[PDB]
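Student: I'd like to ask some things about the structure below.
Number of protein chains: 2
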Amino acid sequence: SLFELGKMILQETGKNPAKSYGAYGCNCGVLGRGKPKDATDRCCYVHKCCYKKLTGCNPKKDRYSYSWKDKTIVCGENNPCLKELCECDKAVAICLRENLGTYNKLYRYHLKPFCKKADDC
Amino acid sequence: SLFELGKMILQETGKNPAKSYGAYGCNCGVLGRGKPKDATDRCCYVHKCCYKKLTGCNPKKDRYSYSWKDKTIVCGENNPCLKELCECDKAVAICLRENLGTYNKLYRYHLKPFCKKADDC
Ligand SMILES: O=C(/C=C/c1ccc(O)c(O)c1)O[C@H](Cc1ccc(O)c(O)c1)C(=O)O
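Shown next, in the form of structure tokens:
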């Protein structure tokens, strides 16, 4: 769920996830996907496509178990859908941290309704 | 949908809705409800309660028509679900504006995991 996803982004990036990524670019936060603005935005595009393919569980609300071990996110077995979800969320937290160097505050709180249309996943 | 909601908040408040209201208090933005921290937060609590009566339309995804007449939000006769949805969004936009006087930036990007459990609507 968003609880686990936001915790992971905090553990990986050291950043408040809502402030930094609740509405960044065309793909981070609410409101679907759009052509990515930059590498950080592209992380969130891949993440939304990761969710789109999952079936059997709800990426928004379903909770799941994960551990922080040796400063690594380790997804608990859970059940297969929840483990795939934990893996989508892990991957985005890692991707966002990797791309902090080009994060651009201009795209924060971005105007999404003006975003170009996204290619299909 | 979130597009119409965001636009109404912008028109009423003159604030960027993602920045001011995307993660405010225990009730504004993602997740559910919780005990409200202040008046602005309580507007969002009322709004989430409003959405729970909706039958036959998705408050997040479903578009509907409204217009800005004499600096007033005017819901279009949509069908019954969408008109109610439009009325819910209008009311929260007005309430947020009416309570800008006590808006506290400290509640922005709040820790919503520790919010106390909401009372029944
Ligand atoms: O563990 C953390 C954060 C650890 C952390 C805090 C600040 C940092 O910069 C950092 O890299 C890691 O917060 C959790 C609480 C929490 C925060 C965000 C959430 O979405 C959540 O579900 C739980 C805790 O107290 O264990």
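Residue numbers (PDB author numbering), protein chains in the order written: chain A, 1 to 13, 15 to 53, 57 to 61, 67 to 88, 90 to 123, 125 to 127, 129 to 133; chain B, 1 to 13, 15 to 53, 57 to 61, 67 to 88, 90 to 123, 125 to 127, 129 to 133.
For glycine and all other residues, C-beta sits at the position ideal for the given N, C-alpha and C.
Let me make sure I understand the geometry here. Which of 37(B), 42(B), 27(B) has the alpha-carbon closest to that of residue 105(B)?
Tutor: For the purposes of this step, residue 105(B) is taken as the residue at position 95 of the second sequence. Taking only the C-alpha atoms, the option nearest residue 105(B) is 42(B).
Student: Against chain A, does residue 20(B) count as a neighbour if the rule is that its beta carbon must be under 8 Å from one of theirs?
Tutor: Mapped onto the second sequence, residue 20(B) falls at position 19. Taking Cβ atoms only, chain A reaches closer than 8 Å to residue 20(B), which makes this a yes.
Student: Please say whether residue 26(B) and residue 18(B) have beta carbons closer to each other than 8 Å?
Tutor: Taking the first residue of the second sequence as position 1, residue 18(B) is located at position 17. Taking the first residue of the second sequence as position 1, residue 26(B) is located at position 25. Against a cut-off of 8 Å, the Cβ pair of residue 26(B) and residue 18(B) comes out as no contact.
Student: For residue 147(B) versus residue 28(B), is the C-beta spacing smaller than 8 Å?
Tutor: Residue 147(B) cannot be examined here, being either before or after the span of chain B that is shown, 1 to 133.
Student: For chain A, find out if any of its Cβ atoms is closer than 8 Å to the Cβ of residue 123(B); answer yes or no.
Tutor: One-based indexing of the second sequence puts residue 123(B) at position 113. At least one chain A Cβ lies under 8 Å of residue 123(B).
Student: Residues in the same chain with beta-carbon distance under 7 Å from residue 119(A), minus the five sequence neighbours each way, listed in chain order, please.
Tutor: Taking the first residue of the first sequence as position 1, residue 119(A) is located at position 109. These residues qualify, in order along the chain: 24.
Student: Cβ atoms of residue 2(B) and residue 122(B): under 8 Å apart, would you say?
Tutor: Mapped onto the second sequence, residue 122(B) falls at position 112. Mapped onto the second sequence, residue 2(B) falls at position 2. Taking 8 Å as the Cβ cut-off, residue 122(B) and residue 2(B) do not qualify as a contacting pair.
Student: Whole angstroms are fine: how far does the CA of residue 103(B) sit from the CA of residue 76(B)?
Tutor: Numbered from 1 along the second sequence, position 67 holds the residue referred to as residue 76(B). Numbered from 1 along the second sequence, position 93 holds the residue referred to as residue 103(B). Cα to Cα, residue 76(B) sits roughly 14 Å from residue 103(B).
Student: Among the residues of its own chain, which have a CB less than 7 Å from the CB of residue 49(A), if the five just before and after it don't count?
Tutor: For the purposes of this step, residue 49(A) is taken as residue 48 along the first sequence, with counting starting at 1. Hits under 7 Å: 28, 34.
Student: Over what stretch of residues does the beta strand (DSSP E) that includes residue 59(A) continue unbroken?
Tutor: Position 55 of the first sequence, counted from the first residue, corresponds to residue 59(A). That residue, residue 59(A), is in no beta strand (DSSP E); it is neither H nor E in DSSP.
Student: Just checking: is the beta-carbon of residue 106(B) within a distance shorter than 8 Å of some beta-carbon in chain A?
Tutor: The sequence position of residue 106(B) within the second sequence is 96, counting from 1. Chain A, which has no Cβ nearer than 8 Å to the Cβ of residue 106(B), makes this no.
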